[PDB]
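Per-entry structural report
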Amino acid sequence: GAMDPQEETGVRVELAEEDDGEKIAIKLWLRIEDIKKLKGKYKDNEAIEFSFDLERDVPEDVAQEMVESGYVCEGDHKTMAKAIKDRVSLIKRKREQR
C-alpha cells in the first residue's frame with residue numbers, strides 16, 4: 001500500500017457503505033483524484049457511484065459502461081478500471097481474513 005503521500009493514481013474507489021460481510025454485490029464510488037492525469041471531461045470534485053458484483057461484474061467491463069454512459073473517456077478506460085480493480089482487490093483481500 002501507498003504509505004507515502006504520493007498517490008500517483010488519479011483515481012480511487014471507495015465503498016458507499018462499510019463492507020464487512022459476504023455480499024457478492026457491493027456499491028462503490030469512483031472518486032477522481034486528479035483529472036489532469038486523465039484525458040477527457042472530468043471534475044476535481046466528482047465521484048461515480050457504481051455497484052460491483054464481485055463474481056459477475058468485471059472492473060474493465062464497468063469502466064466501459066462508464067465510457068458509454070458518458071462518465072469516463074475511453075482514453076482513461078484502463079485508468080478507471082485499474083481504480084475499480086485496485087479497490088476490489090483490497091476488498092477481496094480483507095475478506096481473506098476470518
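Judging from the entry metadata, solution NMR is the method by which this structure was determined.

The PDB entry lists the protein chain under the name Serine/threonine-protein kinase WNK1, with Rattus norvegicus as the source organism. For this structure, the PDB header gives the title as "Solution Structure of the WNK1 Autoinhibitory Domain".

A few words on the nonpolar core. By size, the foremost hydrophobic cluster in this structure holds 24 residues, and its most contacted members are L30, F50, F52, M66, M80 and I84. Looking at which element gives the most residues to this core, the answer is helix α2 (residues 77-94), with 6 residues. Ignoring anything within four residues of it in the chain, the contact list for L30 reads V11, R12, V13, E46, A47, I48, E49, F50, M66, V72, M80 and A83.

Together, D61, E65, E68 and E74 make up a region of like negative charge exposed at the surface. Relative to the helices and strands, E68 is located in helix α1 (residues 59-68). In this structure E68 comes out as exposed when scored by relative accessible area, which is 66%.

Before going further, it helps to spend a moment on the pairing of strand β2 (residues 25-32). In β2, alternate side chains face the same way, and those of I26, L28, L30 and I32 are buried while those of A25, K27, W29 and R31 on the opposite face are not. Direction of pairing for β2 relative to strand β3 (residues 47-53): antiparallel, over a ladder of 7 bridges. Bridge pairing in β3 places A25 opposite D53.

Note on helix geometry: an α-helix contains 3.6 residues per turn, so any two residues three or four positions apart are oriented the same way. Along α1, the positions that sit buried rather than exposed are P59, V62, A63, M66 and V67. Each buried residue of α1 lies within a common arc of 150° when the element is viewed along its axis, so the set occupies one face. Along its buried surface, α1 packs onto β2, β3 and α2. Just downstream of α1, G70 is the residue with a positive phi angle, here 85°.

Of note, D19 is situated in the loop between β1 (11-15) and β2. A polar contact of 2.6 Å, which involves the side chain of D19, links it to the side chain of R95. Not counting residues within four places of it along the chain, the set of residues in contact with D19 comprises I91 and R95.

Cut-offs and rules
- Residues numbered from 1 in each chain as written, not as in the entry; some residues may be left out.
- Heavy atoms only, no water.
- Core = buried A, V, L, I, M, F, W, Y, C linked by side-chain atoms within 4.5 Å.
- Buried < 20%, exposed > 50% of the residue type's maximum accessible area, 1.4 Å probe, protein only.
- Helix = DSSP H or I, 4+ residues; strand = E, 2+ residues; numbered from the N terminus.
- Contact = heavy atoms within 4.5 Å.
- Patch = residues over 30% accessible without salt bridge, like charges linked within 9 Å, V, L, I, M, F, W, Y side chains within 5 Å.
- Areas by Shrake-Rupley, 256 points an atom, 1.4 Å probe, with all protein chains shown as cover.
- Salt bridge = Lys/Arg side-chain N within 4 Å of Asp/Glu carboxyl O.
- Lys, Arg positive; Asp, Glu negative; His and termini not counted.
- Charge placed at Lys NZ, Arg CZ, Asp CG, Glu CD.
- Pairing = 2+ DSSP bridges.
- Arc of directions from axis to C-beta.
- Polar contact = N/O pair within 3.5 Å; in protein donor to acceptor, adjacent residues only side chain to side chain.

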